[PDB]
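Single-letter residue listing:
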Amino acid sequence: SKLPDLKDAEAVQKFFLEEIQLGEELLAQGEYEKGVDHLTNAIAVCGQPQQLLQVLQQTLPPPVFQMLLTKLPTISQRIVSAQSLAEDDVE
């Protein structure tokens, strides 16, 4: 592709429906995980009160729960380093 732009289609809705599927099969509890997938498609927008909770609270459940206590700062610090590099690029 040349000069791509952010766009939505039913495919992302159906790929959002496979994230629901991963959550539900992984947790044997569809209702709670359905909320955590709505919390991953809503980071595509990054809504003001819901812009930081999103991807982290998603990356929590799918593997064994409670094994992400240490990896969560790893993801957060790598994101912080990413913004540090972006801030350097802006400067």
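Structure determination for the deposited model, as stated in its record, used cryo-EM, and the stated resolution is 13 Å.

A. Just unusual backbone geometry, in detail. Here the phi dihedral of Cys46 falls at roughly 50°; this positive angle occurs in a residue that is not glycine. As for its placement among the helices and strands, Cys46 is situated in the loop between α2 (30-41) and α3 (53-59). Of note, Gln66 is a non-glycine position whose phi angle comes to about 80°, a positive value. If you trace the backbone, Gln66 turns up in the loop between α3 and α4 (71-90). A relative accessible area of 58% places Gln66 in the exposed class.

B. Highlighting the packing of helix α1 (residues 10-27) against α2. For the pair α1 and α2, the least separation of the axes is 8 Å and the interaxial angle reads 140°. Classified by the angle between their axes, α1 and α2 sit oblique to one another. Crossing handedness for the pair α1 and α2: right-handed. Contact residues: α1 offers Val12, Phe16, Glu19, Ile20, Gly23, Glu24 and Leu27, while α2 offers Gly30, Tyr32, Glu33, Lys34, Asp37, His38 and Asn41. For the contact of α1 with α2, the class distribution of residues is five nonpolar, four polar and five charged.

C. Here's a closer look at the environment of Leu26. When you line up the elements, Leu26 lands in helix α1. Judged by its relative accessible area of 48%, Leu26 falls in the partly exposed class.

D. Region of interest: α2. With 12 residues, α2 should cover 16 Å at 1.5 Å per step; its first-to-last C-alpha distance of 17 Å lies within 8% of that length. Within α2, burial applies to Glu33, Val36, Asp37 and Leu39. One side of α2 carries all its buried residues, which in axial view fall inside an arc of 150°. In this structure, the buried residues of α2 make contact with α1 and α3.

E. Representation of the side chain of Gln54 within the structure. Along the chain, the position of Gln54 falls in helix α3. Residue class for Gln54 comes out buried when judged on its relative accessible area of 0%. One polar contact links the side chain of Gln54 to the main-chain carbonyl oxygen of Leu39, over a distance of 3.3 Å. Setting aside anything within four residues of it in sequence, one finds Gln54 in contact with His38, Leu39, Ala42 and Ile43.

F. Up close: a negative patch on the surface. A contiguous patch of negative charge, built from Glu87, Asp88, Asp89 and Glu91, is present on the exposed surface. In this structure, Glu91 sits in the segment after α4.

Reading the values: the criteria
- Residues numbered from 1 in each chain as written, not as in the entry; some residues may be left out.
- Part of a larger assembly, values for the part shown.
- Heavy atoms only, no water.
- Residues with missing side-chain atoms left out of burial classes, pairs and counts.
- Helix = DSSP H or I, 4+ residues; strand = E, 2+ residues; numbered from the N terminus.
- Buried < 20%, exposed > 50% of the residue type's maximum accessible area, 1.4 Å probe, protein only.
- Axes fitted to C-alpha atoms, helices over the stretch in contact; angles between N-to-C directions.
- Parallel < 35°, antiparallel > 145°, perpendicular 65-115°, else oblique.
- Left-handed = near helix turned anticlockwise from the far one by under 90°.
- Contact = heavy atoms within 4.5 Å.
- Nonpolar A, V, L, I, M, F, W, Y, C, P; charged D, E, K, R; others polar.
- Expected span 1.5 Å × (residues − 1).
- Arc of directions from axis to C-beta.
- Polar contact = N/O pair within 3.5 Å; in protein donor to acceptor, adjacent residues only side chain to side chain.
- Patch = residues over 30% accessible without salt bridge, like charges linked within 9 Å, V, L, I, M, F, W, Y side chains within 5 Å.
- Areas by Shrake-Rupley, 256 points an atom, 1.4 Å probe, with all protein chains shown as cover.
- Salt bridge = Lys/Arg side-chain N within 4 Å of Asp/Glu carboxyl O.
- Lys, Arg positive; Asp, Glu negative; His and termini not counted.
- Charge placed at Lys NZ, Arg CZ, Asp CG, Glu CD.

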